[PDB]
Structures are given as C-alpha cells and as structure tokens.
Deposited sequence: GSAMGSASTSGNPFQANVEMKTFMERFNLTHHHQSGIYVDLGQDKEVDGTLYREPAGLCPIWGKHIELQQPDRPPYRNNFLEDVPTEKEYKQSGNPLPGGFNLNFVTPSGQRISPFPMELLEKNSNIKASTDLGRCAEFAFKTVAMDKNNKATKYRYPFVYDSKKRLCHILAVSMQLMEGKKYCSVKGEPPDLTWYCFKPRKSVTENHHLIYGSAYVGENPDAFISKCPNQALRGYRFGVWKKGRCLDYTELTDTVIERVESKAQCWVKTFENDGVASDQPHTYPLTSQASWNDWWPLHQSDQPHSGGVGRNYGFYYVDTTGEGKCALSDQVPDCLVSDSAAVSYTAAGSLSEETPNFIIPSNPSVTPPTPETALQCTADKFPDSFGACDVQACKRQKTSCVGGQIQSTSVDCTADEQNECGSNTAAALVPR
C-alpha cells in the first residue's frame, strides 16, 4: 500500500517526476530526433519538458567584439570578417520578414494577443511559437526541422536558437578564450548556475506541440519538504538508503540543484549518436543529515514515493531552483500544491509491516494538513524478527 500510488490524483502527481515518461530525451544535451533537410539527416532537440535555468556557457576570447552570450545573434559574415576566429555573436536566430520584423527575440505581449497562439501560459506561448517555426530547405519548401527556444521570463522575450548544438569541447575543434588561435569555433557547454540565469528556460520546440501539457506533465518546480524515494520492501526508501546513490557534501541547496543537472550521469544525447530517452542521474535532493551537514543525494531511479523532511528539497535536472509556481506558467483561468493534502480527521496513522533487513517500517500520517511519510523503528517483539 504505497500511499503515493493509492489513487488517481496521486499517480498523476508522481508521474510528473518521471522524465523518461514525459520528457523522453537528453536533458543536459537534448538531441533526441533526426530530421532530413536536403537529403541529410540532422539531429534535433526533442524533449517535451522545458529545462529551467539551462543556458549555454560560451568560451570566446575576453575582448570586443565577443560578448560571451548565447542570446546574441548568430554572427554575420561581415562581423566574422571584422573579428577573426573564433566565430563571434551567439546562438540567436537573426532572421527578419521582408518588412524587417525579427523572428527572435519575440515580445510576449505580441504573443498573448494573437489568435494563432492557443497556449494558456506565457511559457507555453513561447514554446508554441517555437513549434510553429520550421526550417526551409534549398528549394524553399518547409521541412520538419525545428530549432530549440529559450524563454527569458525576466524580459518576456521568446528566443529561437539558430544553433542546436549544446556541447562543444576538444582543442581539436574549438578554442577556449582564443587559444589555439586558428580555430573556427569557441568552446561551449550547458550550465546551470547557483546565482545566474534562473529566469532562462531552454526547451526543444516540441514542448509547444501540446503547449499546455508541460504544466501537469513536467517537474517544473523544486519540491520543498520531501525527499525523493522508491517504494521497496513495503516502505518508502529515500535515495540515502540505496546503493547506487551518489552523495556529496554541499554548502547550499542551490549547489545540489545545479548537481542534478551537471553530474556526469545525467541524461545526455551527446556522442556515435546516443539517445538517452531521458534515463540518467536526473534526480536528487538537498538534506541535512543527522549530524547537521548539508548533503546532496543524486540518483537515477525515478521517484515513486516521497519521504517527509521539512529541511529537504527535491530537485530534478529539468526543474527550477524555485519552489513556488511563477505567474508565467499559470493559466488565465495542474495540482502542484494541493495533491499532497489531508486532514487528521480522516487520514489515520497506518504502520506498514516490518522491513526486517533494515528493521524499520513505514509510517504514514497527516501532520499540518499534509501527508507525512517516514520510516520508524519496528515494534519491540517485531524486533525479535530482525
């Protein structure tokens, strides 16, 4: 009797943590699909979930005209001639209509009063826009290839990126800070930062295929007060209790959230052309251990239950540091806060059988109108059995 699997409300809530089920692509590097343009197959970002805080860190030389910023226009041929190697500018698509109107960045205000845009949230509106942008081939015919997007929720600007690459390394192909000098490309990689670019949301154009779906299907926010776990031997085991978990000492919870995205086991599609389908060390939580040390628990096991812990915060590679729903994803009319509620009156303390190997048992209850789930010592005689 896994309380987190006990009814329809709970199953759906929990399923929002399953990145294999709903996101289905690489996280760190999303290259999940292949698409033909002029008889060549190209890799295309494909994930269904938006990736909160992900930005692409550039390693251009620290001098004009370089700005080290992926949201700057891709470089013009002119600009490149005026700069030398490496290529300047960034990843932003710089195309215009004949009247000169930019495709990117595009103001959210123009998207919220346009009849073609059917999304309810601002983030969706931007995803949808991305979804409705396809490349044209050498015959000017629309293809099925779509560039990823970044919503800047601070500026209410939606970006389409002309560059789908997310990771370039190796001094054979790219330079760090202009070194070596003859190289075309600067190096770059995906990052999340403990302080910067939280307001940036990166996504494949396929999050806007069903633009409202990310709201109930993706783990958009950090989850305060619980630890991710898997139901096993009749109780909820949090990642601290599993063999394959990676635990690091951290200075703050933010570092842990960064780690869920940056650890070397995270779902990645980067080479050979692998497709993670979203499997990898994508889940983790910050917690304070019994001795008062702040720690991070990193795991590749999809949560199917939660252990209660008011000092803990569970994160995923997809989601934000932020623990509360922002306005740009609330409809103009999900159940993120409400699904975990109870009343003492009806939810009585139920103690599961004794896990004899650990000599603990599940206890489930209602404390402060929310479900609490922990492991307590077995009863006295029940301990005879350990």
Exercise. Got a list of the deposited-sequence ranges with no coordinates?
Worked result: 1 to 10, 282 to 301, 364 to 368, 422 to 432
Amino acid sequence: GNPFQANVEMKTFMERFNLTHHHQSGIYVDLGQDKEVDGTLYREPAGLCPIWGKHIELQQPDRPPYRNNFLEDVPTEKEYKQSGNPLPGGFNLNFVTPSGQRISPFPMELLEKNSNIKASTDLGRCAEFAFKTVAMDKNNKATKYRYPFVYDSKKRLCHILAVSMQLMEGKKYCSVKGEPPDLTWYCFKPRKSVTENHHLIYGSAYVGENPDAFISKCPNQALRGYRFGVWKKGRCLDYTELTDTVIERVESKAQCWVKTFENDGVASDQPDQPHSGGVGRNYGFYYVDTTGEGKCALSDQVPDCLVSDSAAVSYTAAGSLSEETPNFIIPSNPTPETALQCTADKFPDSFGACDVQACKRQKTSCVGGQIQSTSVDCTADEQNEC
From here on, numbers count along this sequence of modelled residues.
Exercise. Mean CA B-factor: is it higher for 110 to 118 or for 205 to 213?
Worked result: 110 to 118
For this session: Take the C-alpha B-factors listed in the entry for 224 to 232 and for 181 to 189, compute each mean, and give the stretch with the larger one.
Result: 181 to 189
Exercise. Between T338, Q33, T325, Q59, which carries the biggest CA temperature factor in the record?
Worked result: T338
Exercise. Per the coordinate record, which of the options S153, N263, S83, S268 holds the highest CA temperature factor?
Worked result: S83
For this session: Could you say whether, by C-alpha temperature factor, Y42 belongs to the lowest, middle or highest third of its chain?
Result: middle
For this session: Using the B-factors in the PDB entry, rank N92's C-alpha atom against the chain and give the third, lowest, middle or highest.
Result: lowest
Exercise. Looking at the C-alpha B-factor of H199, is it in the lowest, middle or highest third of its chain?
Worked result: lowest
Exercise. Thinking about Cα B factors across the chain, which third does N18 belong to?
Worked result: middle
Problem set entry | Third of the chain, ranked by Cα B-factor, where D244 sits | highest
